[PDB]
Amino acid sequence: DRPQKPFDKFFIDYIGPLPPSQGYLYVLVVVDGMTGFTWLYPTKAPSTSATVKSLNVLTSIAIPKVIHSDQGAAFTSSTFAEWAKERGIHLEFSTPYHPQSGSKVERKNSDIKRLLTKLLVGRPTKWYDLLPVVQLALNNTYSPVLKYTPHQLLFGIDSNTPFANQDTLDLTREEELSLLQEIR
Amino acid sequence: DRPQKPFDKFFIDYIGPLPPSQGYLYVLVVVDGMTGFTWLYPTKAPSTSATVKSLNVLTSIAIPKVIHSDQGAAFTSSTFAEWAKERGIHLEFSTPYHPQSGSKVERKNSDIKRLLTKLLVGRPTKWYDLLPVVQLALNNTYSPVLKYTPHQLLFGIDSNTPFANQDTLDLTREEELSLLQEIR
Amino acid sequence: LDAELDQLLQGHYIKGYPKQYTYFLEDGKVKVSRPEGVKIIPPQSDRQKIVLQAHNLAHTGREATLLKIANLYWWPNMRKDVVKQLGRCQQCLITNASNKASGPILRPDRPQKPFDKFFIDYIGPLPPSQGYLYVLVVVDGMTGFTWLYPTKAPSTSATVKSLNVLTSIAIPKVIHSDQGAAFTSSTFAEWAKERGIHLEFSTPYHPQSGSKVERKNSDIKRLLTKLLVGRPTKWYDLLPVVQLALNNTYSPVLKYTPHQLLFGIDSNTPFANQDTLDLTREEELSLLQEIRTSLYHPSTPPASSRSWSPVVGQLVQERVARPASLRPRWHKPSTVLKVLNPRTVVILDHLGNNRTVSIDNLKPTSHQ
Amino acid sequence: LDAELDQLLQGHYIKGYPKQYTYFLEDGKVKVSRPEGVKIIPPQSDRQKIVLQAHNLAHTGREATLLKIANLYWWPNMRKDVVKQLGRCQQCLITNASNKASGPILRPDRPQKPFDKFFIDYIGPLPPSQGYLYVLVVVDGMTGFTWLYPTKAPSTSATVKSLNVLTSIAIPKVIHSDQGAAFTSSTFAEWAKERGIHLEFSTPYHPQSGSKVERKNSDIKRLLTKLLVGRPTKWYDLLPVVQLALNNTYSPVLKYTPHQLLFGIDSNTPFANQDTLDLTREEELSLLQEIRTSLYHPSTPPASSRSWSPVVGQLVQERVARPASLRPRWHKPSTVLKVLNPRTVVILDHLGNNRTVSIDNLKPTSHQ
DNA sequence: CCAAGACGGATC
DNA sequence: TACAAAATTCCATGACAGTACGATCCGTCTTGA
DNA sequence: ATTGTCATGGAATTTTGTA
DNA sequence: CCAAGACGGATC
DNA sequence: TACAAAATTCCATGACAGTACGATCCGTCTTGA
DNA sequence: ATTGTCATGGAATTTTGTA
Ligand SMILES: [Mg+2]
Ligand SMILES: [Mg+2]
Ligand SMILES: [Mg+2]
Ligand SMILES: [Mg+2]
Ligand SMILES: [Zn+2]
Ligand SMILES: [Zn+2]
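Scope of this entry: the structure provided in the associated data block. (Residues numbered from 1 in each chain as written, not as in the entry; some residues may be left out. Chains lettered and ligands numbered in written order. Heavy atoms only, no water. Residues with missing side-chain atoms left out of burial classes, pairs and counts.)

## Some remarks on the sheet that holds strand β11 (residues 315-318) of chain C
Residues and elements named next belong to chain C.
- On the basis of which strands lie adjacent, the open sheet formed by five strands has the order β14-β13-β12-β11-β15 and antiparallel pairing. Every interior strand has two partners, whereas the edge strands, β14 (354-358) and β15 (362-364), have only one. Strand-to-strand twist in this sheet, taken as the mean axis angle between neighbours without regard to direction, amounts to 45 degrees.
- One ladder, built from three bridges, connects β11 with β15; its direction is antiparallel. The partner of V316 across the bridge, within β15, is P364. (Pairing = 2+ DSSP bridges. Helix = DSSP H or I, 4+ residues; strand = E, 2+ residues; numbered from the N terminus. Axes fitted to C-alpha atoms, helices over the stretch in contact; angles between N-to-C directions.)

This is the structure we're talking about:
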């Protein structure tokens, strides 16, 4: 049996309807299976048209062998099935109501969910400009179990911007009250 | 004593008030002392301004050591004296009422006087276009005494257009009656 | 295709495939165990398609295309199938740059007598000086004597009027010029034929063909530049001064001025040479003939290590003159009809007619 | 001047003038009988004027000026007086072309790691495709990986927006670019300083300095040309295809693709290499480090027979970028302040300030 | 007397 | 019949090849309130 | 049916003046 | 249906 | 241990360098009387 | 304060298959 490699499986998912920032509302999250490298793409809608447009910029750099996604309408569409057929990519869909990706992918996806909201509190209309620095933070996060960052696993070298110190990713006392006031 | 050379003496003279041809009325005749090479320049007036303008095109090719001319107002002017002083040319003026140039120069000047009138009879308004072919005819006329044409004495080789046959330069019977009718 | 691979699997030998290697069928496809790795052997019919698929990815050369096919596929004589497809691709032949230099430049014999060859050319649109913009430059092939004529336009009428004053001195045998509109015109063609002058034309888009006038233009511009330092660019009045200057200029390799080569004796020009002062004109012209004949002739430079020589029947491609943005800089393959010299050939062009083109604007068709 | 020539006429010897020749006074001027002919010897004070008079005729070099003076005048060491006047003439120094070639081109060491050096450049104003005209090209110094970004303008804001999507992958150490307005701007300077990126600039009007992006532009244009044969020039949609094609293209001399040098393994691209299929990623990255370090380094070509090398204190002249018609193509003589390498120096320019210029746009001041 | 602008310069 | 230096030759080198114009930003000099 | 050319200015070589 | 013109092509 | 030819390496060669526009004449296709 | 580069495709050299 062959060992796990980069570009083997690409985990794609949308994260909620975020507050408007420069016309954008949705974020397409792309996570590699082996390296755990994260690609973030700003989108206006959770549609197939927005998914195809964002992935075309990604596939111009590197093409995945398998694309993994949930039973979302943007991925289960026939237009997205024809899109993957032209580039020779097999589509893998997780079982409804309960997704399956693995410990490394789910722990990475958990960090993206909380890191975005941590920087979103106080400035909900300014998450678009943070997207580049969020991608750099995730890809240079010192791996919990392994001794290799997503940057080191993909390229082979250490990054020029290594994130040495870590904030606990948790919301502080007064940050919780401000986050509970923005909704109500 | 040094032998006679080209560019030693340039004999310049105007020939009459010829019928209007493309706005021009006068011809500046330039004859070299040794070679007998003829330069013809069309001018509107027998003035210093027209003489300076025509000779500037000639002096750009070759500069004479001595310029010979009659006691005409265009040559005896102070403006023409300053013109020759700047280029370093000595001016020689012939005695009034009787010019002196030599047998070779006067026989050449005699041919220009009669060759122009020969082609002028019948077409007095079209002598401007004949000027190039008149210059070629004179400079390639087989010398009466010497065995060298003005072209052969100046360049060293025979011309590409050698005038083999000669018309007697004389006006025919009916050409005399037409020439005597143009005036009266 | 299927018969050659079937006999190979059962142990029977076919020329091309070595017997030492093991051949096995896997996933419905014939594979071979090689030092590089496990490679798939395709049938003969599919080989033509695979090379086309790997080439059309980035339109690459011999080695760069093979390295893509070597990732998965192997068969006897791979490059012979690649090179064959490289000569078939129309897009590659008319875009790729040639890796073969042109042959050694010819140095034609200097005209024997003055007024044997006349080189004429305009020096572009110069800054407006007294209404004039263009300068007609006439260079003698033998002596190097230059006549300058200011013109407002590079037209036929401007060329005729200027040459008519010049032909008053002497009629030239042959007038050489580039394929400009003023010189290629029928009015200029009938002008030269009337006086018995043969017209010679340079090969299109090859300015070094008429170099005797082009190199002189460098000396005219260089002198005009130096005279207009810190001054407004008025060159019209300086033309008769520049004409007199360059004609009396000593050539360090020729030892004689264009004026001295044309007449034999210097005029009343500043710093005039008076060495032939004692001798008569008849002796001066006899010495002049000996000088003209005994001038140096530049020997042809040695041929480069990778140079191509044109032959009759060879496929060549003509260079596109002024190619548009993202457009091919070479024309469709064409056959050589006749070779005039190792530098000039006549070819049946893309339009479908006879055309005289120099080898500098030509490349040999690759993969033949 | 008058004392040296007076003692010479009466038989007394002066150094420079040979005693074997006869010296006589004629027409109030000192003359000498020589094998060339009768030549006039002028006084020392007049010699400076005569050389100036003969030179200013056509502004000629050493030999061509002397041959004019040799027609009439003679004195000891004529060329030493000519060369001295040749270095004094301002018009000749800033117009004449240099007869000395530049030194051998340096081949700088390839960046050690990926994202160590970034080469960026726009490919001019391409024909309008979906509103876009310009293409920002980012080339990695180590691998040769190219990122293409379509832009409507060569502005700072267009460069920042395109690089912000790129820097999401990895932050580069040093970004190299030509001295374009978008890159030399203070907004772009504060952009790179904010992320901790050093900006490197090419020497003005020397495009080969940033060759890694300029040579890649040739491969981009060549591929786009072939894909648009017989088709309207719509390149906007082909950019992501061209980007994927050239990055997966095998370099025949490097044996590896820009994609293989950056990641180690080929993606799901057509004709993917699967040689490292058996080895693990940790073993694959260990092999990748050995490949990157053991790549060929092009050796520097031998120096030409007549090449000049810049030194501190030497007088040099800077080349005029885009000279106007009939205007000098060289600047006033300037002194070298510091030599960075045998190809690049810092000079106090015509304006009167420090300027880093490559030797290709520089010539050594003649007659020193 | 100062804020938005006009304009040649530098480089591609 | 040998020097040293002037004088002369050698020869690699580059420029002539229809050119002016736009687009960007920056440092500097305007023009009405 | 046509084709490179030549000024330039350091270096390389030859000539020159006086033994 | 034809005379002055309009227009892209070729080359500088 | 030696062939012949395939396979591989060698390496001179050119193009990337912001580009489009005008001016001339000629061969060809219009547009009103 | 910074620096030429590399695809191309014939020729030159090395490797290969089978003695
Ligand atoms: Mg989702
Ligand atoms: Mg008179
Ligand atoms: Mg022309
Ligand atoms: Mg640029
Ligand atoms: Zn191709
Ligand atoms: Zn000068």
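## Observations regarding the coordination of the zinc ion (ligand 6)
Residue and element names in this part refer to chain D.
- Distances from the zinc ion (ligand 6) to its protein donors, namely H55 (NE2), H59 (ND1) and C92 (SG), fall within the range 1.5 to 2.4 Å.
- For the zinc ion (ligand 6), the single-chain donor residues occur in sequence as H-x3-H-x32-C. There is no split in this pair, since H55 and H59 are both buried. (Donors = N, O, S within 2.8 Å, 3.2 Å for Na, K, Ca; no water. Buried < 20%, exposed > 50% of the residue type's maximum accessible area, 1.4 Å probe, protein only.)

## Describing unusual backbone geometry
All names here are of chain D.
- In the Ramachandran plot, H59 falls in the positive-phi region, its phi being about 50 degrees despite a non-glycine side chain.
- The class for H59 is buried, based on a relative accessible area of 5%.
- At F271, a position not held by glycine, the phi torsion is positive, near 60 degrees.
- Tracing the chain through its elements places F271 in the loop between α11 (258-262) and α12 (281-293).

## Re the packing of aromatic side chains
- Scanning all chains against the criterion turns up 46 aromatic pairs over all chains.
- Taken together, a centroid distance of 5.3 Å and an interplanar angle of 20 degrees make the contact between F80 of chain A and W83 of chain A stacked. Highlighted residues: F80 of chain A and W83 of chain A, both in helix α2 (residues 78-86), separated by three residues, approximately one helical turn. For the pair formed by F80 of chain A and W83 of chain A, the shared burial category is buried.
- Feature note: the residues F7, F10, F37, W39 and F155 of chain A together with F115, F118, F145, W147 and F263 of chain D constitute an aromatic cluster, connected by ring pairs.
- The ring of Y21 of chain D has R34 of chain D sitting right over it, with the charged end atom 5.1 Å from the ring centre. (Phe/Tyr/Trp six-rings, centres within 6.5 Å; stacked < 30°, edge-to-face > 60°. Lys NZ or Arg CZ within 6 Å of the ring centre and 35° of its normal.)

## Notes on the side chain of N247 of chain D
Residues and elements named next belong to chain D.
- Of note, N247 is situated in helix α10 (residues 239-247).
- The class for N247 is buried, based on a relative accessible area of 1%.
- A polar contact is formed between the side chain of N247 and the backbone nitrogen of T146, at a distance of 2.7 Å.
- For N247, the residues in contact, after removing those within four places along its chain, are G144, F145, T146, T257, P258 and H259. (Polar contact = N/O pair within 3.5 Å; in protein donor to acceptor, adjacent residues only side chain to side chain. Contact = heavy atoms within 4.5 Å.)

## Digging into the protein's contact with DNA strand E
Residue and element names in this part refer to chain D.
- As a structural note, the neighbourhood of DNA strand E is formed by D121, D178, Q179, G180, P204, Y205, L351 and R355.
- A share of 86% is what sugar and phosphate atoms reach among the atoms of DNA strand E within 4 Å of the protein.
- Between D178 and DNA strand E, the recorded distance is 2.7 Å, taken from a side-chain N or O atom to a sugar or linking oxygen.
- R355 is positioned such that a nitrogen or oxygen atom in its side chain is 2.9 Å from a phosphate oxygen of DNA strand E. (Near = heavy atom within 4 Å.)

## So, the pattern of salt bridges
- Applying the stated criterion across every chain, the model contains 38 salt bridges over all chains.
- Here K39 of chain D and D275 of chain C are joined by a salt bridge, their closest N and O atoms 3.6 Å apart. Here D275 of chain C lies in the loop between α11 (258-262) and α12 (281-293) and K39 of chain D lies in strand β3 (residues 38-40), a pairing that spans two chains.
- Note on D275 of chain C: relative accessible area 41%, which makes it partly exposed.
- One salt bridge in this structure joins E284 of chain D and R281 of chain D, with 2.7 Å as the shortest N-O distance. In this pair, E284 of chain D and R281 of chain D both sit in helix α12, three residues apart, roughly one turn of the helix. As far as the burial class goes, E284 of chain D and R281 of chain D line up, both buried.
- Shared partners join several salt bridges into a network, and the residues in it are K5 of chain A together with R281 and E284 of chain D. (Salt bridge = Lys/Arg side-chain N within 4 Å of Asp/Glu carboxyl O.)

## Description of the sheet that holds strand β7 (residues 146-151) of chain C
All names here are of chain C.
- Strand order in the open sheet made by the five strands is β7-β6-β5-β8-β9, with mixed pairing throughout. On the outer flanks of this sheet lie β7 and β9 (198-201), each paired with one strand and no other. In this sheet, adjacent strand axes meet at a mean angle of 25 degrees when their direction is disregarded.
- Relative to β9, strand β8 (residues 174-177) is paired through four bridges, and the arrangement is parallel. Residue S177 lies in a different strand from β9, and its bridge partner there is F201.
- Packed onto the sheet, helix α6 (residues 156-166) meets β5 (117-122), β6 (134-140) and β7 and runs at close to 140 degrees relative to β7.
- Helix α9 (residues 211-227) rests against β5, β6 and β7 of the sheet, and its axis sits at about 55 degrees to β5.

## A closer look at the arrangement of the chains
- A comparison of contact numbers over the three pairs of chains in contact places chains C and D at the top.
- At their nearest point, the C-alpha atoms of chain A and chain B are still 69 Å apart, with no contact between the two.
- Where chain B comes nearest to chain D, the C-alpha atoms are still 13 Å apart, and the two do not contact one another.

## Re the interface of chain C and chain D
- Contacts between the two partners involve 54 residues from chain C and, on the opposite side, 54 residues from chain D.
- Counting each side, the surface lost to burial between chain C and chain D is near 4,600 Å², with a carbon and sulfur contribution of 64%.
- Applying the counting rule to chain C against chain D returns two salt bridges.
- Those elements that provide at least two residues to the side of chain C that touches chain D are α2 (44-55), α3 (62-69), α5 (90-93) and α9 of chain C.
- In terms of residue count, the dominant contributor to the side of chain C that touches chain D is α9 of chain C (six residues).
- Looking at the side of chain C that touches chain D residue by residue, the class counts come to 27 nonpolar, 16 polar and 11 charged. (Buried area = accessible area lost by both parts, 1.4 Å probe. Nonpolar A, V, L, I, M, F, W, Y, C, P; charged D, E, K, R; others polar.)

## Quick word on helix α4 (residues 131-139) of chain B
- For α4 of chain B, the buried fraction is high: eight of the nine residues fall into the buried class.
- Turning to α4 of chain B, its buried residues are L131, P132, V134, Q135, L136, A137, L138 and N139 of chain B.
- Those residues of α4 of chain B that are buried are in contact with β2 (26-32), β3 (38-43), α3 (103-120) and α5 (150-154) of chain B together with α6 of chain C.

## Structural notes on the packing of helix α2 (residues 44-55) of chain D against helix α3 (residues 62-69) of chain D
Residues and elements named next belong to chain D.
- Packing of α2 against α3 leaves a shortest axis separation of 9 Å and a crossing angle of 115 degrees. Regarding the angle of α2 to α3, the classification is roughly perpendicular. Every pair of crossing elements has a handedness; the one defined by α2 and α3 is right-handed. The segment α2 lies against α3, with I50, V51, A54 and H55 engaging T65, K68 and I69. (Parallel < 35°, antiparallel > 145°, perpendicular 65-115°, else oblique. Left-handed = near helix turned anticlockwise from the far one by under 90°.)

## Things to note about the interface of chain A and chain D
- Counting residues at the interface gives 34 residues for chain A, matched by 38 residues for chain D.
- Joining chain A to chain D, the criterion identifies two salt bridges.
- Notably, a salt bridge pairs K5 of chain A with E284 of chain D, separated by 3.5 Å at the nearest N-O pair.
- Connecting chain A to chain D are 11 residue pairs in polar contact.
- Mapped by element, the contributors of at least two residues to the side of chain A that touches chain D are α4 (131-139) and α5 (150-154) of chain A.
- Tallied by class, residues from the side of chain A that touches chain D come to 18 nonpolar, 11 polar and five charged.

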